[PDB]
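Here the structure is laid out as structure tokens; the discussion comes afterwards.
With ideal geometry, Cβ positions are generated from the backbone for all residues, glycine too; neighbour counts draw on all protein chains shown. We did not get these values from a lab; they are worked out from the coordinates using the rules stated.
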Amino acid sequence: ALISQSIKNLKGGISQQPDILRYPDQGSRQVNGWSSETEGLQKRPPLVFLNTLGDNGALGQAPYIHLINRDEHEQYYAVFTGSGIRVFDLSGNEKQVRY
Amino acid sequence: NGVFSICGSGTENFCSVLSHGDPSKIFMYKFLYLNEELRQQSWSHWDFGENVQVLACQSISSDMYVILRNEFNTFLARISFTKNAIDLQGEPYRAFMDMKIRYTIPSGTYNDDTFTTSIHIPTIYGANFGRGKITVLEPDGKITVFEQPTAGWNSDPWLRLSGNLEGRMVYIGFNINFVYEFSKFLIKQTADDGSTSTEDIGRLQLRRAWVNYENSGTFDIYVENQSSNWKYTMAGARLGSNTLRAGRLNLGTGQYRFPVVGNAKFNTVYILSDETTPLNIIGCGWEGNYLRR
Amino acid sequence: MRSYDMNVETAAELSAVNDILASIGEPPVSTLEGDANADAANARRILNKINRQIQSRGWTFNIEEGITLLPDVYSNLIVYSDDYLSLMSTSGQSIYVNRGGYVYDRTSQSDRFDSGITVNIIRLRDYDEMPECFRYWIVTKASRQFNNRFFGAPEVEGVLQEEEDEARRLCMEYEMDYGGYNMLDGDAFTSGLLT
Amino acid sequence: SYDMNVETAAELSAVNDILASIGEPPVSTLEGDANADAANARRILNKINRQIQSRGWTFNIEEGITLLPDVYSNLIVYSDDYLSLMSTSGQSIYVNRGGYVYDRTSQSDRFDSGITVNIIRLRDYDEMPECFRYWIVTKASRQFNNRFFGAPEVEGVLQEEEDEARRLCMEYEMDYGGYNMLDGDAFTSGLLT
Amino acid sequence: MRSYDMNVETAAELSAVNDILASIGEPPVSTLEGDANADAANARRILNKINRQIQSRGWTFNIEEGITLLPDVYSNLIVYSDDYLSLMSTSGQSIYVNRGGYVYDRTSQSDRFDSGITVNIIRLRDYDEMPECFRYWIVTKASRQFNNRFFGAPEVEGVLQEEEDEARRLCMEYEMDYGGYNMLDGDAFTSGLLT
Amino acid sequence: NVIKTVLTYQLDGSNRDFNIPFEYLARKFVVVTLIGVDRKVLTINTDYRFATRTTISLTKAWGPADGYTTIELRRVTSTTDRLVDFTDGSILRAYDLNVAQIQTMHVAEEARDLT
Amino acid sequence: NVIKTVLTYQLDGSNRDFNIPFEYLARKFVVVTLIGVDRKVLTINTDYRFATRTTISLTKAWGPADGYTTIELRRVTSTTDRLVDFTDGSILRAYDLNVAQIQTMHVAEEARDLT
Amino acid sequence: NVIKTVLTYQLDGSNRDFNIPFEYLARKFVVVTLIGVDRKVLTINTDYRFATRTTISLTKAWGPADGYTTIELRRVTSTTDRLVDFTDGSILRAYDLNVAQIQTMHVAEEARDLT
Amino acid sequence: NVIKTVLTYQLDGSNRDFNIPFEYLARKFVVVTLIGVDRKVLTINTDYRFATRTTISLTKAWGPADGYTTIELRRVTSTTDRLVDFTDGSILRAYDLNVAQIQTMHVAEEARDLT
């Protein structure tokens, strides 16, 4: 009966809902994709290593990080580790914390 | 279970969450809110690789800076969402790789005894890595992959390249994994106000199916049906077309057809790609008999 | 009916299952064992039942010639299991029909006897141990049955039917060559007459 | 462009032509595990290959042959390799009860010194006269077509050409067997004397 | 099967490829060489395979008369390459069938021999070296095959079929004229009888 | 009173085949016997090749000339071990589920049958 | 520490498994010649059925009593059937190009080994 | 032990045709030989016109009357040059990709074959 | 022999020179064997220097008076490592394809020439 259906949009995310219910244009388990407007799934955008901050342990213990965008000109990331205030500049140069 | 942060951004629309339980992954929800259409509500799940904890996702507008903690050290990196750009200067093709760094191979390395050049993971990258595949890329395409010693990269810290490579602008990297799984290919039909009435009644046996690639390289479509797992890789371009000229990048828009035979109800086709070439899929079409029971 | 899944592993049976399944469109099954998919099992059953039917129409290879069923001395009763497809005597007007599980004399009116009997039986055999022409006939007849029951396909059926007719043509020719009775040389009526 | 005699893989060429029979792109090599559509090619080719070789032809059949009895037990392994077991003259006794030949008349399976039979042994898809090879290719192509992804017109043209190719084989066989109605066969040779 | 890319170039082959392609609607191809388009290559293959098939049905021109295959003295084994389409002996009831790559005696049961043999073989030839009537028959049969495989056209096919039948009519007439055996003058049975 | 287990078939002077009418969960289970002077048991590879699943061919022509007049095929599906064990994580299936009820049933029936 | 094309397995003792040292692309490649009396190849399926990737089990390890003194395990490349070859339409799964060099490589390694 | 390369065909008193069963990447490669008193080689345009790709016709009837009894056709695909070179910018294609694996394979096989 | 792979150079009483006919793509492959009584394969820097592309030198003044009498340089190209391995999606580098033919070519030539 040559039923041909073309799901031509893609995107739409995932759904763990059942198959009769799942809407078209959805799938299960997209991983690693940014589904934008014109391109369909694209591999998620890439990352560039900028700096190596510290030991897995030293910044460790579930820290809270707030990104201070001071100005378009300087951006500093601040990590409040459980013990103390450590601030890493966007480039990773450690602007020092004093108390 | 516990969402530490729900960072979000205005100019690209990426709402996100990171957690104690599955920390390896940031999950991104992409929304277009024109009017109240919310045309697309999509929850997808990103990954940063095995054994990795993502400490924070906060977004300077138009990109985001993510602090990943390897099991061994910690890294700060920037993911650029700009639509079609070469991230690092001089890159052949917006290479998608987990850490992309540029290193000019130094004069000291290379051996007259072994025609290999030695790179040091602790040195060229800032700190020792943990686990995963590594790919080195010459500016012209010649992606070469050195699989992880099962030892762990920290345990065996030297990786090699072959040929004297006194000088290069190698863009080194850890590989990225894409998996999107199509929805079991059930017949779906449209109805009033976007109603879907996928028809359970009946057996659809689907003879062949297609994915319409655009601007993309290796993507491998693994079709598995119950009690079987088949791979139908697509790479390059058809030999003999003007496209596979030697010495050239090889990425061109085309349609691949994968043959899948079976009862749709239990067969899944998932596209999995892993080789640093962008993969873009515009559309998928399943063609099949469907005579109702 | 012997069990559909009790039959052990095989390679020829595997070819067959894969082929029958192929006809309704299922992909080849890697190992006939450990396969969760039900279709596999349903097909296996169809191959087994149709294997029984084809064998039942007597074929020269299968009909055992006079063989002996030996009576249980303590029991005084010949046993008649479902492996027997047919019980026909050698001379004419066979007199044996199975009553209960046991064979039974319809003339003497007593299943109880001794000294054994001679009968031309049609024994069931596995799907293997059949000649290559018949295996091909069975696979296609089973494929046609399977296409009727599960899929509803109109076209495949016509092709399958012509193919099965072709196979029958081929098999009945093989069987005839195997038996090979020229009417002049072999007869009961004329072997006597032509001397 | 220059005078080459290099030979392309013969077995692979078969499944390659089967694929290209339906317009599917040619497959470089039979490895890769999946290529399920290609895999079916191998399976259906070899199977329909046994099929054609079963129907006896005067060149597949070996006119006489002794199979050694297993010395230890006197049971001759009746493999799946042999297609058909048939005696020399008439009323072929042997048929396999179990995996070894069992003589129906004898009521015995073991026997010493072996036997003489006319067997049609399995051969590769290769090693067949070209007419048979093309016939096998077109028949496998028609099956692989109308089973998995059939279209109306290609099936019809293919079955037409397939019946035509039968004639290419049956003609070939007749000349190769070259039987004579009078001189060649036994009943009439005697009459001539 | 010799490589589809073994004919070095051929102006006649070029005409043919262009014509076959024309039938499914492709435009004439300027130079058969350097052409990226795949269709070209697929067509070339169809022309080569169908060239092999047509030749295989014996034609009077092709069948070599008794020719000699000479055994390798060191080897003691005649070689049987895929350029041989058929091996038939001169007298009757040919006794040669290829076992492995090598030719093989099915009577003596040994491929090993010497002193050579005489056989009426059907040798494969290039697409060129065929008479002009057969070239025309091949081009159209190849065009019909190609129209089935790539396009799905209903009409072209009917015309192609009638044309191919017309060509066969023409070719079998040419071949008959070339051989030209009148039954009275040329016979094995009656050349003896009419004296 | 139909005893379907212990069937004894008259031994004959020259027959090497007897047909096991009753069922077997496993081969090892059916044990042949020879009788008339004493009970002499037999071993499957040694003397009684299983032929078709439903028939046993006894080599070395056992017969009344030996002085042995009876062949008995008897079923003692063994009680000691569960042929089927549903270990954790199996895909329970037909062979497994049916055999376990059956083992008992065949064995108990043997108990019921001799008496 | 060569991946010798040939490993000498003295045919003595019994182990279904004698470990091959070469790496074999497919079954057909390996040939076992039985030195000791007649250099001989067991049908790959009939005696040396390929029980394993790095070991082969002939049904029996032939005794010195058989007198087959030695077994040779070899990986010899068949020039005639390229395991893999490149044709027009086939997209060049890079994996195939690698199989091809390897198939050639084995023919040559074999060559170094014979000479 | 099937030597498929060095095939020697008996020279005959009056036959000018021998059929090269084995493969050749290029023509220049197969070199004919004549034997029996000494080895006399031959030149393709001069004495052995290649006829059909698969047959060589030797003019000047070489035969045992000369005292020469053997013709040998042997394959020495030449090692020195890569027949196929993938220069920058080519449209890689079937002829090119297949020949390079093949060159080695035919040549190594010659090494394996003489011995 | 004639093709330059194996060499037959004989030990000098004192030598700071050992000449090389062959072209070796990488240094690793050519390995020195001094076979005075039996084989001794010396590593690169510990005994000798591939000091110039053309020539090599080993110290210790290995001499005929001393046990070694054969300084044999034999060109072996390792089968396993190819300067080029085709990664998926890799730009098929033109020069690289050329290395591939060579690595295999050399490996066979070592075999053929040795004959």
| field | Looking only at the range G:75-110, and only at residues there that are in contact with a helix residue (DSSP H, G or I) (Cβ under 8 Å, 6 or more places away or on another chain) and among the basic types (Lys, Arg), the one that is farthest from residue E:36 (Cα to Cα) | value | G:75
| field | Residue in the range D:176-186 that is in contact (Cβ under 8 Å) with a residue 12 or more places away in the chain, more than 9 Å from every other protein chain (Cβ to nearest Cβ) and outside any loop (DSSP other than H, G, I, E, B) present | value | no
| task | Could you tell me which residue of the range B:142-157 is surrounded by the fewest Cβ atoms within 10 Å (Cβ to Cβ), considering only residues that are under 22 Å from residue B:168 (Cβ atoms) and among the aliphatic types (A, V, I, L, M)? | result | B:145
| query | If residue G:77 passes every condition in (1) of a type in the set (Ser, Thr, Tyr); (2) more than 14 Å from chain I (Cβ to nearest Cβ); (3) part of a loop (DSSP other than H, G, I, E, B) but one, which one does it miss? | reply | (2)
| So residue H:103 clears everything in (1) part of a loop (DSSP other than H, G, I, E, B); (2) crowded, with 18+ Cβ neighbours inside 10 Å except one condition, right? Which one? | (1)
| Can you name the number of the only condition in (1) away from chain A (no Cβ under 11 Å); (2) surrounded by fewer than 19 Cβ atoms within 10 Å (Cβ to Cβ); (3) under 23 Å from residue B:180 (Cα atoms) that residue B:10 fails? | (3)
| query | Do we have any residue at all in the range B:21-41 that's polar (S, T, N, Q), touching a residue at least 40 places away in the same chain (Cβ under 8 Å) and on the phi > 0 side of the Ramachandran plot? | reply | no
| said: Looking at the structure I just gave you, is residue I:87 in a loop (DSSP other than H, G, I, E, B), surrounded by 18 or more Cβ atoms within 10 Å (Cβ to Cβ) and touching a residue at least 60 places away in the same chain (Cβ under 8 Å)? | reply: no
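Can you pull out every residue in the range B:12-42 that is in a loop (DSSP other than H, G, I, E, B) and among the charged types (D, E, K, R)?
In the first step, residues of the range B:12-42 are kept if they are in a loop (DSSP other than H, G, I, E, B); the result is B:12-13, B:20-26, B:32-40.
Hits for the range B:12-42 are B:12, B:22, B:25, B:36, B:37, B:39.
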| said: I'd like the residue in the range D:101-151 that is aliphatic (A, V, I, L, M) and over 30 Å from residue E:57 (Cα atoms) and, out of all such residues, is surrounded by the fewest Cβ atoms within 10 Å (Cβ to Cβ). | reply: D:115
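Inspect the range B:278-286 for any residue being among the hydrophobic types (A, V, I, L, M, F, W, C) and more than 7 Å from every other protein chain (Cβ to nearest Cβ) and give the result as yes or no.
If we filter the range B:278-286 for residues that are among the hydrophobic types (A, V, I, L, M, F, W, C), which is where we start, we get B:279, B:281-282, B:284, B:286.
Of the ones still in play, those that are also more than 7 Å from every other protein chain (Cβ to nearest Cβ) are none.
No, the range B:278-286 contains no residue that is among the hydrophobic types (A, V, I, L, M, F, W, C) and more than 7 Å from every other protein chain (Cβ to nearest Cβ).
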| said: Can you report the number of residues in the range B:237-257 which are within 12 Å of chain D (Cβ to nearest Cβ), part of a loop (DSSP other than H, G, I, E, B) and out of contact with any helix residue (DSSP H, G or I) (no Cβ under 9 Å at 6 or more places or on another chain)? | reply: 3
| said: I'm told residue G:98 meets every condition in (1) out of contact with any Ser or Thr (no Cβ under 6 Å at 6 or more places or on another chain); (2) in a loop (DSSP other than H, G, I, E, B); (3) within 12 Å of another protein chain (Cβ to nearest Cβ) except one. Can you identify the failing condition by its number? | reply: (2)
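Show me the strands (runs of 3 or more DSSP E) entirely contained within the range B:43-114 in which 2 or more residues are buried (at least 22 other Cβ atoms within 10 Å of the Cβ). First the steps, then the outcome.
Numbers: elements: B:52-58, B:63-70, B:74-80, B:101-103.
Ranges flagged: B:52-58, B:63-70, B:74-80.
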| request: Could you list all residues from the range H:16-51 that are in a loop (DSSP other than H, G, I, E, B) and either acidic (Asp, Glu) or surrounded by fewer than 15 Cβ atoms within 10 Å (Cβ to Cβ) (or both)? | output: H:23, H:36, H:37, H:38, H:39, H:43, H:44, H:45, H:46, H:47, H:51
| task | Just need a number here: residues in the range A:52-77 that are more than 7 Å from chain B (Cβ to nearest Cβ), more than 15 Å from residue B:7 (Cβ to Cβ) and outside any loop (DSSP other than H, G, I, E, B). | result | 1
| Can you pull out the residues in the range A:1-41 that are among the polar types (S, T, N, Q), facing another protein chain (nearest Cβ under 7 Å), out of contact with any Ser or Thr (no Cβ under 7 Å at 6 or more places or on another chain) and over 12 Å from residue B:283 (Cα atoms)? | A:4, A:32
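Kindly check whether there is at least one residue in the range B:179-187 that is free of Cβ contacts under 8 Å to residues at least 40 places away in the same chain and touching a strand residue (DSSP E or B) at 6+ places or on another chain (Cβ under 7 Å). Break it down stepwise before answering.
Going through the range B:179-187, the residues free of Cβ contacts under 8 Å to residues at least 40 places away in the same chain turn out to be B:183.
Okay, now just the ones that are also touching a strand residue (DSSP E or B) at 6+ places or on another chain (Cβ under 7 Å), so B:183.
Yes: the range B:179-187 contains one or more residues that are free of Cβ contacts under 8 Å to residues at least 40 places away in the same chain and touching a strand residue (DSSP E or B) at 6+ places or on another chain (Cβ under 7 Å).
Which of the residues spanning the range B:187-246 are β-branched (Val, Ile, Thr), in contact with an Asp or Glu (Cβ under 6 Å, 6 or more places away or on another chain) and within 19 Å of residue G:93 (Cβ to Cβ)? Reasoning before the result, please.
Filtering the range B:187-246 for residues β-branched (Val, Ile, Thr) gives B:187, B:190, B:196, B:198, B:201, B:211, B:218, B:221, B:223, B:233, B:243.
Retained after the next criterion (residues that are in contact with an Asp or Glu (Cβ under 6 Å, 6 or more places away or on another chain)): B:187, B:218, B:233.
Within the range B:187-246, B:218, B:233 qualify.
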| query | When you look at residue B:16, is it in contact (Cβ under 8 Å) with a residue 40 or more places away in the chain, surrounded by 18 or more Cβ atoms within 10 Å (Cβ to Cβ) and under 21 Å from residue A:10 (Cα atoms), yes or no? | reply | yes
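For residues that are basic (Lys, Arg) and part of a loop (DSSP other than H, G, I, E, B), scanning just the range B:115-166, find the one that is nearest to residue I:45 (Cα to Cα).
To start, the set of residues in the range B:115-166 that are basic (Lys, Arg) comprises B:131, B:133, B:142, B:160.
Now restrict to residues that are part of a loop (DSSP other than H, G, I, E, B): B:131, B:133, B:142.
Values: B:131: 35, B:133: 33, B:142: 31 Å.
Only one residue fits best here, namely B:142.
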| said: Take the conditions farther than 29 Å from residue G:95 by Cβ and of a type in the set (A, V, I, L, M, F, W, C) and apply them to residue B:85. Does it pass? | reply: yes
| remark: Going through (1) more than 18 Å from the chain's Cα centre (by Cα); (2) at the interface with chain B (Cβ under 7 Å from one of its Cβ atoms) one by one, residue A:49 fails only at (1)
| query | Is it the case that residue E:156 is over 30 Å from residue E:178 (Cβ atoms), assigned to a helix (DSSP H, G or I) and more than 9 Å from chain D (Cβ to nearest Cβ)? | reply | yes
| query | Does any residue of the range F:49-61 turn out to be within 14 Å of chain C (Cβ to nearest Cβ), in contact (Cβ under 8 Å) with a residue 40 or more places away in the chain and over 30 Å from residue B:227 (Cα atoms)? | reply | yes
| Hey, residue H:65 hits all of (1) exposed (fewer than 14 other Cβ atoms within 10 Å of the Cβ); (2) within 30 Å of residue I:110 (Cβ to Cβ) but one; which does it fall short on? | (2)
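Given the residues A:83, A:28, which is the only one that is without any contact (Cβ under 8 Å) to a residue 24 or more places away in the chain, hydroxyl-bearing (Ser, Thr, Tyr) and either surrounded by 14 or more Cβ atoms within 10 Å (Cβ to Cβ) or not in a loop (DSSP other than H, G, I, E, B) (or both)? First the steps, then the outcome.
Numbers: A:83 fails: either surrounded by 14 or more Cβ atoms within 10 Å (Cβ to Cβ) or not in a loop (DSSP other than H, G, I, E, B) (or both).
Answer to the check: A:28.
Does the range B:70-90 contain at least one residue that is of a type outside the set (A, V, I, L, M, F, W, C), touching a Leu at 6+ places or on another chain (Cβ under 7 Å) and within 11 Å of chain A (Cβ to nearest Cβ)? Walk me through how you get there before you give the answer.
Taking the range B:70-90 and keeping what is of a type outside the set (A, V, I, L, M, F, W, C), we get B:70-71, B:73-74, B:78, B:80, B:82-84, B:87, B:89-90.
Add one more test, that the residue is touching a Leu at 6+ places or on another chain (Cβ under 7 Å), and what stays is B:74, B:78.
Subset that is within 11 Å of chain A (Cβ to nearest Cβ): B:74, B:78.
Taking every residue of the range B:70-90 in turn, at least one turns out to be of a type outside the set (A, V, I, L, M, F, W, C), touching a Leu at 6+ places or on another chain (Cβ under 7 Å) and within 11 Å of chain A (Cβ to nearest Cβ).
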